[PDB]
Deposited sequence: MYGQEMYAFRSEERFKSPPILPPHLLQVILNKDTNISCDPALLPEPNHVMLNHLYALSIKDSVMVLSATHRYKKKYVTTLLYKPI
């Protein structure tokens, strides 16, 4: 059987997870994808709105 979700890999976020895909429930045929990446010592969380 498949490994159990590590904490602190959160299943849901409400508003070590670096590079992980998060996404909103789809609505109006538009997809919202999210993830945090690292450039040297700087972090950015990118949201892509995509039909």
property	result
Missing residue ranges, deposited sequence indexing starting at 1	1-16, 32-48, 85
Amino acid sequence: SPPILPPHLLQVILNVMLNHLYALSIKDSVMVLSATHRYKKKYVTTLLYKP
From here on, numbers count along this sequence of modelled residues.
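So that the term is clear: the rigid core is the largest set of C-alpha atoms that superpose within 1.5 Å between two forms.
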| query | finding |
| --- | --- |
| Between 6-14 and 20-28, the one whose CA atoms sit farther away in 5 other deposited structures of this protein (rigid core aligned) | 6-14 |
| 19-27 set against 32-40, stretch whose average Cα temperature factor tops the other in the entry | 19-27 |
| Between the two ranges 1-9 and 41-49, the one averaging a larger CA B factor in the entry | 1-9 |
